[PDB]
Structures are given as C-alpha cells and as structure tokens.
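One chain follows as structure tokens, the form deposited in one PDB entry.
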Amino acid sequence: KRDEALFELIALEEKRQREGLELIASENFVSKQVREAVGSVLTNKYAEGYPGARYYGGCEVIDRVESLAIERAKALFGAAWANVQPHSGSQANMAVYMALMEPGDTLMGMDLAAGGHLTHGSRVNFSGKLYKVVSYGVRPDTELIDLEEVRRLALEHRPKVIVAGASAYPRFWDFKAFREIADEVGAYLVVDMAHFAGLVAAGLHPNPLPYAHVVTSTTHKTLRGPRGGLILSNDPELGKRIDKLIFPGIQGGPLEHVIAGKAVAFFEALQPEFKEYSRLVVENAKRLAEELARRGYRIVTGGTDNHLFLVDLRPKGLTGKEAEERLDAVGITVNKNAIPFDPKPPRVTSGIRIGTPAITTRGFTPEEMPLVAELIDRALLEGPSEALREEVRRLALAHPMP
C-alpha cells in the first residue's frame, strides 16, 4: 500500500523549491545522482567500524564505497587523512572536541552574535555546556576580525582549542595567522570550513589544511553534497585518535547510503564544471550585494569575498524577523541574522543573511542580479502582494532545478 499522503507532501515541497527564490546561504540543490546514491540499498547494511576493520562480515563492497569517499576527499582537499562517517557537521565538531579536550577545558570560538556557529561555544549547545568558552568578535568600525584581539584573548585565557570558521562571516580568514596564535599558547587550531568548503575545493578560498591541526566540514552547503559531516587532517596520527571518537565514541552504525552520496559529491567537485559553478557563486554574491547597496542598503563589511553577505536593516526600520516574513510572503527565502553589535535579541535580530549557492545551481547569472535586487527591495518597501509573488514565481520557473 503506497503512502499517498506523504508523497503528496513531497510533491508540494518540490513545487515550493521550484517556484521560489532560495537565498538562504547554507542551502543548495543536490544532483539527481547524489539523490540516487542516498536512496540506495546501502542503508540496509550495518557497517560499524572502518574499512577492513568492521565488526560484522559482508562489508566487502561497503568497504570499497567508504574507501572511495575517503580517498576522493583526500584528493579534493589535499589531506593526508579523512573520516567520512559523521552524520552531520555538528557530530564532526563534537568528535573533534572530545578527542582533543576534557570537560572543563577552555574552547575559543567566534561569538554567535559576530557570526559564529552554535557549536563554536553557545551555552545552549554541548560546546558551551561541557567546556569553558571564550569568544572573539569583530571590530565595531571595519566589522572585520581583529587578529590582535584574538591573540590577546588567547594569551590571557590559554584555550586548549581555538576554532576558526563561522556560519555568517563574509570575508576571507587568515589561517596562517590563526595557527601562529595557536602555537603561541600551545592550542590546537580547528577550522570549521562547512560554509566555504566548496570554495576551498574550487581554489577560490584559502585552504586551511596546511595550517589547521584538524578541519571539519559539512558535505552539504557550498560543496553541494548530501546532508552529512566530514573531518580532515594533515596528521594521520591525530586522525587515528579522532576515528576512535567517531566510533565507538559518539556514533554507532554509519549511514553508508549517505557516504555513497558523499563519494558522488566529491566526484562532482573534482570536475572542471564545479570550478566554473563556484566562480559564478562568488560573482553572483558580489554583484547582488552591490546592486542592493546601490538601492541604499548597508552591507556589513561593505561587500563579501565569498558566497554570502549580511544586510544591516537598522536604517530602514525593519527587524530581521520582519524582513524575513515580508520576503517569505513573496517566495523569497532568507533568514534573519544578528549583525555585529546587534541592538536586538537573537529571536528578533536587526539584519538578514543572503547567499547565492542555491540560485547559482539553478543557472542564475550576474546579469540577473539587478532583477533579484529589485524584487527584494520592493518586498521590503511595499510589502507583499500577489503581483510581486507572481513576478518571483515567473523568474524562478524560468530556471531549471537539477
């Protein structure tokens, strides 16, 4: 008997994705072949352990799948070791922290209000519950990270782990300087590259692998893979410690169907076409930010080096909750986002974050960003309307989905 009610909801979600403009910076649209691998019979096999060292027999083909994902990840990022089993970016970070730290050690990460991720030390997250957290932010004038401030805080508090990487920071990171700071205090440098991993893969963002002790990531977001996590290092002895924290430390059976999807995504990212895609992601983001600034919006830091940017909505009298609602009403999806030194609580905020990976996958070009900027501006100034919703829908439908 087919579950018609559930499949009707999936069809409605397909239609929603096709008919809207998805500008949430962490989203993307995966390829049919990634979906085919994730939908495969590999879900049926328990594969606790690692290739050639499994608990149970019958894994000879699964070992070749997992090993292919591991070796492609090493080739793609230039790493000596990879672990492809984490179920999510959160589990990747959790295993690394538990391998390098004991409860009550000091973790240093970027402040949530400045663009850090929940797992970089928030007090409602395991990171800020198990560890003592010290956070760094950005300067109030340039809105850039101040490496002198990072260095001062590290000397004063002597963290065991310093995390670089963030979920809403629009400029490049200086990984060499962060490693120099970590070395001054004997800390490990962990880089969480989840947001910009696909740009690293395409050579469009500095690679952290040579400077970080350990690198974590998601396989979704700019890498355009299935939802899951990933860990890399140039030190295979530290990698063996972390392998034990993934299993048997914090997970049980890995999702081998998802791992097959990660292998496929790494193969897609190794192709020349993925470099061209990634180039257009960054060109579209720069162009859309410029078109919005020409309409009088304030862009945090004045621009972007990567796939995302932040808009300060204080001057226009909007909370980010409000802008998020007005845009959602006409089919444009963003997320509210705290801006640097935000006057308003995190459930309201003063800004929005926009990113271009998802619309670039649908074939949007830099010459189309003036039209996208017009639609955003109208939704914010004039509020939602049926004519505006229809204009968004027409523009979205003119671009294929993968």
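Residue indices: 1-based, along the sequence shown. Basically, rigid core = biggest C-alpha set you can superpose within 1.5 Å across the two forms.
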| item | value |
| --- | --- |
| Higher-B stretch (mean Cα B-factor, as the entry records it), 221 to 229 or 151 to 159 | 151 to 159 |
| Mean C-alpha temperature factor, higher of 4 to 12 and 392 to 400 | 392 to 400 |
| C-alpha B-factor winner, where the candidates are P170, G302, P254, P208 | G302 |
| Peak C-alpha temperature factor (PDB record), options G261, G89, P272, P248 | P272 |
| CA B-factor placement of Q85, once the chain's modelled residues are sorted into thirds | lowest |
| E60 - Cα temperature factor, lowest/middle/highest third of chain | middle |
| Chain third (lowest, middle, highest) by recorded CA B-factor, residue given as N335 | highest |
| Lowest, middle or highest third - CA B-factor, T106 | middle |
| CA B-factor ranking of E66, expressed as a third of its chain | lowest |
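If you look for the form deposited in another entry, you will not find it shown, but the lines that follow are about it.
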property	result
Position with Cα shift of 2 Å or more, rigid core superposed between the shown form and the other one, options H157, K240, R279, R314	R314
